[PDB]
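What follows is each chain in one-letter form.
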Amino acid sequence: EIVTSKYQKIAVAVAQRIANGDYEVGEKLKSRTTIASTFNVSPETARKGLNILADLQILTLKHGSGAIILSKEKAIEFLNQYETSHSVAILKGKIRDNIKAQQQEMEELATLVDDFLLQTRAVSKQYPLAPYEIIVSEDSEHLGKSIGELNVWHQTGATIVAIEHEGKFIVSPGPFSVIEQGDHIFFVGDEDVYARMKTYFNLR
Amino acid sequence: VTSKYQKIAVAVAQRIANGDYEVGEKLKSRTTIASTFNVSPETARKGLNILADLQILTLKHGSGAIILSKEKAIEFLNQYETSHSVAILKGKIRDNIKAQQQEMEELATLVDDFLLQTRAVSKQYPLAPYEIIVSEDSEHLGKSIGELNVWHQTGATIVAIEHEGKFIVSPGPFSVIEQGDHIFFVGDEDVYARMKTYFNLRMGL
Amino acid sequence: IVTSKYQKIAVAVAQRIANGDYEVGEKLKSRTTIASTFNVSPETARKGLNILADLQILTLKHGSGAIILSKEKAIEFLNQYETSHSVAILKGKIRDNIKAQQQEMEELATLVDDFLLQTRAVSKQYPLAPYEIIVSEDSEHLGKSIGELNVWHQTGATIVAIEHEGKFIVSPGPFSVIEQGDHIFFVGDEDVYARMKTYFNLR
Amino acid sequence: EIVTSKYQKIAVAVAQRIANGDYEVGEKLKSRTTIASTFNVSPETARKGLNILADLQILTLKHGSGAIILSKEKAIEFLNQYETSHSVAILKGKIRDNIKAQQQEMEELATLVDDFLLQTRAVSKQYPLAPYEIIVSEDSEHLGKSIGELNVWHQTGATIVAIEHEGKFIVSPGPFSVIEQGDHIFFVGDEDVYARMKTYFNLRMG
DNA sequence: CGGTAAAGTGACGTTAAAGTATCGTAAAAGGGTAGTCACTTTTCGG
DNA sequence: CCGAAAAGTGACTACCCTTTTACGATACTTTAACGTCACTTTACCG
Ligand SMILES: Nc1ncnc2c1ncn2[C@@H]1O[C@@H]2COP(=O)(O)O[C@H]3[C@@H](O)[C@H](n4cnc5c(N)ncnc54)O[C@@H]3COP(=O)(O)O[C@H]2[C@H]1O
Ligand SMILES: Nc1ncnc2c1ncn2[C@@H]1O[C@@H]2COP(=O)(O)O[C@H]3[C@@H](O)[C@H](n4cnc5c(N)ncnc54)O[C@@H]3COP(=O)(O)O[C@H]2[C@H]1O
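Residues numbered from 1 in each chain as written, not as in the entry; some residues may be left out. Chains lettered and ligands numbered in written order. Heavy atoms only, no water.

1. Details of a negative patch on the surface
Residue and element names in this part refer to chain B.
Okay, so step 1: Taken together, the side chains of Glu103, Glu105, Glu106, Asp112 and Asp113 make up a negatively charged region of the molecular surface.
Okay, so step 2: For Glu106, the position within the fold is in helix α5 (residues 87–116).
Okay, so step 3: Look at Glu106 and you get partly exposed, because its relative accessible area is 45%. (Patch = residues over 30% accessible without salt bridge, like charges linked within 9 Å, V, L, I, M, F, W, Y side chains within 5 Å. Areas by Shrake-Rupley, 256 points an atom, 1.4 Å probe, with all protein chains shown as cover. Salt bridge = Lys/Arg side-chain N within 4 Å of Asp/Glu carboxyl O. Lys, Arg positive; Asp, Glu negative; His and termini not counted. Charge placed at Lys NZ, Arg CZ, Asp CG, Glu CD. Helix = DSSP H or I, 4+ residues; strand = E, 2+ residues; numbered from the N terminus. Buried < 20%, exposed > 50% of the residue type's maximum accessible area, 1.4 Å probe, protein only.)

Right, here's the structure in full:
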């Protein structure tokens, strides 16, 4: 997710304090070791954060001395740009997460289409008396009705051989079997009957 | 297609060009660069090798980095930016997004035919139908499936009739069963027993 | 959680057994011959034959080959394989994947929109570097607007900003007034700079 | 872009000949080196192509007797089966080209947006001013006109500092400089002036 | 009171460690190769 | 004319080579800490 440098984190924190006014312009800061203990960091790590601010003309520290705040206006500008552009950073990170996730989806797609082709080949390899099958997952006035109430053969030309409901099968279902949403209908007919069944159950 | 070494180069060229490093001021070479940019000394060294190759600085003094000319640093910045991507980078990203949008449209249509080329989905379950040859005399011959009311008589769902070697799939109630036809139907073993009895086939094993 | 060629071998051989092409008594060819017929490794063929062995469709205690065991259990295995593998279920997954990818790209499009909006355009760090003069000398051109002076036609300069009493107006237009002591920021070349200096009596 | 084993090619070729009738049913496909010489291929790749044929039950094999042709109807059916499924597989191979190019453009997008962030922080470190740069790449009633004819400052609030045309820059352009399609316009102003310039030159660009 | 020297503290620079990424090597599998094995056909001899 | 032997070819198999994928190791980069150096302040002495 979001990771920044600890050095940067310290720099941003102290720059925010300066911009808020805790450290006024011209405020002395003979520091290193004291603020290092405030931040529970090695005294040396403190400078790693405060000379980056000096080259950026936010403060001035002579050798062996304390940091003197220089420009309120420029420290404010820098802190603002950094935080709003670290929001630029968070948006950037979300784009990289999104594109990597999409590469993950497209890799799954690759294996799916290879697997799809493999199954189409293996399924064709038999041919005893293959029937036609659909999943009635869309809303339709034909759901919650029995096969006889629908009068299926007269509506679509299909002969239903089996209904799968909640993973269970009824073969040779008869007129009293009910077709419910999500059920699988196995049926025989030709390509036109398959097309009729798809339209009849609002499947495309 | 770029690494942060270029960014270092631009940053230090910017300092030189603004006048932050006065004309002829010396840097502490790798140590100063690493302390400033947080970049490693090995990348930094190539970063400054860039400005050496363009004569913005000289490194023949192991001590550090001597800056040479502010005018050449400004030249560097300009050509660098123009040959790289800034407002072009915004345009390139837009072009990339639109190219991928078109590629996805092509993909959507490809898959449509791929899926529609499957004009049906089969199962090859054990639901494959029993086959009986109605070769014996029977009161049921010469009648239509609907007149017989077959499912209610035997529990069978007829999927096809073979008559004179020709098949009718999904036969409906008006198809007639004639002597010698083959009836294909789904059911279980008990449905098979009912069909065999119904059509006077008790002789068959 | 379903990817295998050995399963394709398993179903193929089970379909042969169940249809009756391979009678019960009959022996299958060598594990190496089946691997070559199905164009795969002997090891994957070993997995396929182990599948039907675990389902008691074949036994391999003989080196000559695999002996067929049960035609009905091959049929029993075809039913279970149908369930596990699934047919249009596979197609449906591809449609869902495509739909999810389209939504992910819509999210990406909007993300980039804000990223690019930012708030403004950009910069090319050009030597456009605008000149600055301070109009501190007396001049008949002071107390006049940029349009009244017709500056570009007089000096070749394009004024980008005026500083007046320490405050800035950027893109000033023809109605902005140049007063004594103001700073004029402008673009042009060295000759334009020279014209501006002379024009405002800065020699 | 085609990856069918050599064996499989050999099988298809000889099966096609059988289905055409060049190799009749009782006629024996004898001479294995002689079959290798027919296609100038190795005799063992040919022998195995024929073996895969024999195992799909198109021809029968036996010592001393060249492969005898068994069934016309089934060899014909199998030829047609390979004809459909192989093009199905080629269509599958196509979606692969799409996913590959798109993954490449995503890896490309990732680098582009990383550098875009790099540019934003780099330009945030500016000097007195950074003029907005627009590329007038869209069709517009304003193209082919001079800055003075357009009366740009009064239309948009922008002061144009330079035009880039055919890679050449004119600084301090004046009213007689013309804006042509594809030019880069550099101008000063604020965020609102930028919005006016973008609208004025038909750059909504969604 | 002024100057000098010493000590202490803060900063800067350099080096080391840890984590992540990339590349190379190795292993496994899938597909082609020649050697061997057997069977059938042809020729010769009885 | 029939039988036997030899030769040629089909059938068989163990193997080898090539390609792809996965894992491991090395390298690089970033962040932290130890050490050393400089500057400032104080105290003491002249
Ligand atoms: N292929 C077949 N196999 C076995 N028997 C068949 C049959 N076709 C028709 N019948 C029999 O004839 C009756 C009328 O069939 P019909 O198709 O007109 O009218 C049918 C049909 O439109 C529909 N239906 C019933 N089962 C169906 C199924 N499995 N598939 C499609 N439609 C079915 O409900 C109506 C009443 O069905 P019900 O079973 O009470 O009554 C059925 C049934 O006893
Ligand atoms: N670089 C530019 N960017 C944007 N628009 C430009 C432009 N150059 C010319 N125009 C537009 O064309 C009009 C006539 O410009 P011209 O240079 O002849 O006549 C100008 C010019 O001599 C002078 N002027 C105005 N603004 C100026 C400026 N920022 N710098 C220098 N001269 C300016 O006053 C006259 C009237 O100015 P006004 O703005 O009413 O009208 C301007 C303006 O609308």
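2. Examining the protein's contact with DNA strand F
Okay, so step 1: Near DNA strand F lie 25 residues; those nearest to it are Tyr7, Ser42 and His63 of chain A together with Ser31 and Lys62 of chain D.
Okay, so step 2: Each atom of DNA strand F within 4 Å of the protein was classed as base or backbone; sugar and phosphate made up 65%.
Okay, so step 3: Contact between DNA strand F and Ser5 of chain A: a phosphate oxygen at 3.2 Å from a side-chain N or O atom of the residue.
Okay, so step 4: Taking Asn38 of chain B, its main chain carries an N or O atom lying 3.4 Å from a phosphate oxygen of DNA strand F.
Okay, so step 5: Within the surface near DNA strand F, the residues separate by chemical class into 3 nonpolar, 13 polar and 9 charged. (Near = heavy atom within 4 Å. Polar contact = N/O pair within 3.5 Å; in protein donor to acceptor, adjacent residues only side chain to side chain. Nonpolar A, V, L, I, M, F, W, Y, C, P; charged D, E, K, R; others polar.)

3. As for the nonpolar core
Proteins that are soluble and globular tend to have nonpolar side chains buried together.
Okay, so step 1: Core analysis: the biggest nonpolar cluster contains 22 residues, and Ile16, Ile33, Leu51 and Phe76 of chain B have the highest contact counts within it.
Okay, so step 2: The contact partners of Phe76 of chain B, leaving out residues within four places of it in the chain, are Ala9, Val10, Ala13, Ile50 and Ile56 of chain B. (Core = buried A, V, L, I, M, F, W, Y, C linked by side-chain atoms within 4.5 Å. Contact = heavy atoms within 4.5 Å.)

4. Section: the UniProt feature "coiled-coil region" (unreviewed entry) in chain A
Okay, so step 1: UniProt records the feature "coiled-coil region" (unreviewed entry) for residues 92–119 of chain A in the present numbering.
Okay, so step 2: Between the end C-alpha atoms of residues 92–119 of chain A there is a gap of 40 Å, over a span that is 100% helix and 0% strand. (UniProt positions renumbered as here; feature names shortened; annotations may be inferred.)

5. Here's the deal with the interface of chain B and chain D
Okay, so step 1: Every contact between the two is made by 27 residues of chain B and, on the other side, 25 residues of chain D.
Okay, so step 2: Of the roughly 2600 Å² buried between chain B and chain D, counting both surfaces, carbon and sulfur atoms make up 61%.
Okay, so step 3: Per-residue buried area on chain B facing chain D is highest for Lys7, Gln100 and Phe114 of chain B; these three make up 21% of the total on that side.
Okay, so step 4: Run the count over chain B and chain D and you get 7 residue pairs in polar contact.
Okay, so step 5: Elements represented by at least two residues in the side of chain B that touches chain D include exactly α1 (4–18), α4 (70–83) and α5 of chain B.
Okay, so step 6: With 17 residues, the single largest contributor to the side of chain B that touches chain D is α5 of chain B.
Okay, so step 7: The residue makeup of the side of chain B that touches chain D, split by class, is 13 nonpolar, 7 polar and 7 charged. (Buried area = accessible area lost by both parts, 1.4 Å probe.)

6. Concerning the protein's contact with DNA strand E
Okay, so step 1: Among the 28 residues in the neighbourhood of DNA strand E, the closest are listed as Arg32 of chain A, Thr31 of chain B, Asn39 and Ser41 of chain C together with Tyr7 of chain D.
Okay, so step 2: Sugar and phosphate atoms constitute 73% of the interface atoms of DNA strand E, taking the interface as everything within 4 Å of the protein.
Okay, so step 3: Elements that contribute at least two residues to the surface near DNA strand E include exactly α3 (43–55) of chain A, α2 (29–37) of chain B together with α1 (6–20) and α3 (43–55) of chain D.
Okay, so step 4: Among the elements that take part in the surface near DNA strand E, α3 of chain A stands out by supplying 4 residues, more than any other.
Okay, so step 5: Among the residues making up the surface near DNA strand E, the classes are represented as 3 nonpolar, 16 polar and 9 charged.

7. Some details on the UniProt feature "binding site: 3',3'-c-di-AMP 1" (unreviewed entry) in chain C
Okay, so step 1: This chain's UniProt record puts "binding site: 3',3'-c-di-AMP 1" (unreviewed entry) on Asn150, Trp152, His153 and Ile159 of chain C.
Okay, so step 2: Aside from chain neighbours lying at most four places away, what touches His153 of chain C is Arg195 of chain C together with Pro175 and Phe176 of chain D.
Okay, so step 3: Looking at the secondary structure, you find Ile159 of chain C in strand β5 (residues 158–164).
Okay, so step 4: Those residues in contact with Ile159 of chain C that sit more than four places away from it in its chain are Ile146, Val151, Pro172, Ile178, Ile184, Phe185, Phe186 and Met196 of chain C together with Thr159 of chain D.

8. Points about the site of ligand 1
Okay, so step 1: Surrounding ligand 1, one finds 20 residues, the nearest of these being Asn151, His154 and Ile160 of chain A together with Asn149 and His152 of chain B.
Okay, so step 2: The environment around ligand 1 is built from residues contributed by chains A and B.
Okay, so step 3: Between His154 of chain A and ligand 1, the recorded distance is 2.6 Å, taken from a side-chain N or O atom to an oxygen atom.
Okay, so step 4: One of the backbone N or O atoms of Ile160 of chain A is found 2.9 Å from a nitrogen atom in ligand 1.

9. Quick look at the environment of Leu143 of chain D
Residue and element names in this part refer to chain D.
Okay, so step 1: Structurally, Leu143 is set in the loop between β4 (132–135) and β5 (145–146).
Okay, so step 2: Taking the C-alpha atoms as reference points, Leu143 and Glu180, 37 residues apart in sequence, are found 5.2 Å from one another.
Okay, so step 3: Excluding its chain neighbours within four sequence positions, the residues that come into contact with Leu143 are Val136, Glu138, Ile179, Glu180 and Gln181.

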